[PDB]
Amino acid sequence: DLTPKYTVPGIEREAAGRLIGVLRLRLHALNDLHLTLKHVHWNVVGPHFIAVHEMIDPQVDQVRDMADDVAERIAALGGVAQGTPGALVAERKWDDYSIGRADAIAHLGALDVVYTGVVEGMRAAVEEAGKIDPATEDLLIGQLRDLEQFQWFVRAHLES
C-alpha cells in the first residue's frame, strides 16, 4: 500500500512501507505543531507575552528542523513526505488548535495538551520503528526527548 519500489539497503520493502506510514503521520504532527507554535507566538498578549515569545522562538526553529529530518527519512525509505495542509487536515487524528488572541495561561495550557498528543504519538512511533530499523528509531528518540523538554518549559510556567 505504502510499500515502496525500492528502499534503504538492508530493510525489506513491506516493512519500509509500514515505517513510511508511521513517519507520515509523525510528519503531519510536527508540521501542525510548528504552525500551532507560530499561531501562539502571533496571538499571545498580556504581561507574559515576551516570555512566551522567548520560549517559543527556539521551539519553532527546532520543530521545523525535526520535520525536515523526518521528511528526508521518508524520502530515503521510498515514500512521499506529504507536506500540504489539505492532506494534513484530511489525515490528522486531532483537532485544530482553538485559542485566538489570549493571555499566556490560556495559550500555554492549550499548548501543553497539544504536546501531550505529540509526545505520546512519538513514543508509539519509537516503539514501531525500533522493530523495523534502529537508524529511524534513533532519529525519533532524540526528537522525542527534545519535544518532552519543550513541553516541560510550557508546564513549568503553569506550575503553582
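Quick note: we count residues from 1 along the sequence shown, nothing fancier.
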{"item": "Mean Cα B-factor comparison, 88-96 or 112-120, giving the higher one as deposited", "value": "88-96"}
{"item": "Of 10-18 and 138-146, the one with larger mean CA B-factor", "value": "10-18"}
{"item": "Out of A125, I105, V70, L30, residue topping the C-alpha B-factor column of the entry", "value": "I105"}
{"item": "Chain-relative CA temperature factor third for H48", "value": "highest"}
{"item": "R101, C-alpha B-factor rank within chain (lowest, middle or highest third)", "value": "middle"}
{"item": "Chain-relative CA temperature factor third for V154", "value": "lowest"}
